[PDB]
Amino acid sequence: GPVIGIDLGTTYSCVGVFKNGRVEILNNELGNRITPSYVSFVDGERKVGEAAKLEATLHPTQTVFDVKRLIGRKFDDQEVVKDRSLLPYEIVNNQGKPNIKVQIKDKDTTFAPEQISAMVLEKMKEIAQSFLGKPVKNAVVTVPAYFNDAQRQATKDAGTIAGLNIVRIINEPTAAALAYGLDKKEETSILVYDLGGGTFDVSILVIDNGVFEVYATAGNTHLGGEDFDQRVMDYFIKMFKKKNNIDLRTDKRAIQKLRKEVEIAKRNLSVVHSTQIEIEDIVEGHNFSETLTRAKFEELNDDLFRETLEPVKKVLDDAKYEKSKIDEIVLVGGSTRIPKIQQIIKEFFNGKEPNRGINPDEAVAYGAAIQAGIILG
């Protein structure tokens, strides 16, 4: 039958299909090409995607997300210890492995990470089925280049639970390289700079006569666009307290409304120099009305932007490469749309321009759908 392509991201997923020589990245039921990797277990209903993410504000212990950080790992791994301290839903030790515990109609219910990832995959599968008007039983699914066999197998198991045979796992840098059509002839060294909503990954990908190999990987598992929004949140929470004697952190609903407008303002500031952040009655009887400039957006985040170069230096050192050896730079993730990020990368590479796309959050799924096409011939 069909083989679809799915980017199973830390913060979001994305599904493409390959049909009539075209890749189509598909809209979810809300009209969006990326779906938050969230599942909520509230009041006897299970929700997946944006409807689940919206439950996080009032039901933080029931709203599961970032399960990609746990999948195929051990409970005592230092990364999983840090993630348990950050994540609001209960994580329990099941015979050495992290499991997620929530309540369904008050009953304690414990899921493997792959069971929660399966729910995300099932939703992506259903989008493909509605679009193709036929069942889908097969997929290409992406993983991070640094995933080990246990992490890849757990991802395959998520597919099996979702009724998907994962015919091939490909790494996220290879998927991006396919999407951008990087010339497969001869030898090319590529720096894949992938700055998403929650995670930063850098890879040196070598393409040699059609063979893809990731020579080195490095990153920052807690650096992404959400952190840039939080720097802005922190600044306007201080300001609103100074002006109004209201600490917005005292009202969870106010924080949720602020985060949504700050994310919009941040995106506007990739295009314009100044934008208004407006929320009527952010609490009852008090409007939020602020201007944010690109300059202040950059000042609030400059240290985090510059931090992204530390993994770039590490992979060049791991690969024993000089900057000159990189032939092209491919940007992945919505956060690479920030002008200052591009300028910092361009400048580090002693002036060389980074290659980039137009829909960098869809490039991985697009390449997974190409891989699906390559496998069908």
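In case it trips you up, residue 1 is the first one in the sequence shown, and so on.
- The stretch 133-141 shows the higher mean C-alpha B-factor when 171-179 is compared against 133-141 in the entry.
- Relative to its counterpart among 73-81 and 236-244, 73-81 has the higher mean temperature factor, C-alpha atoms as listed in the PDB entry.
- Going by the entry's values, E186 shows the largest Cα B-factor out of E114, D149, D108, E186.
- Across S324, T336, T35, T63, the greatest Cα temperature factor reported in the deposited entry is at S324.
- Placement of the Cα temperature factor of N94 within the chain: highest third of the modelled residues, per the deposited record.
- Ranked by Cα temperature factor within the chain, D157 sits in the middle third according to the deposited record.
- Ranked by C-alpha B-factor against the other modelled residues of its chain, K68 falls in the lowest third.
- In this PDB entry, the Cα temperature factor of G224 sits in the bottom third of its chain's modelled residues, the lowest group.
- The PDB entry assigns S40 a C-alpha temperature factor belonging to the lowest third of its chain's modelled residues.
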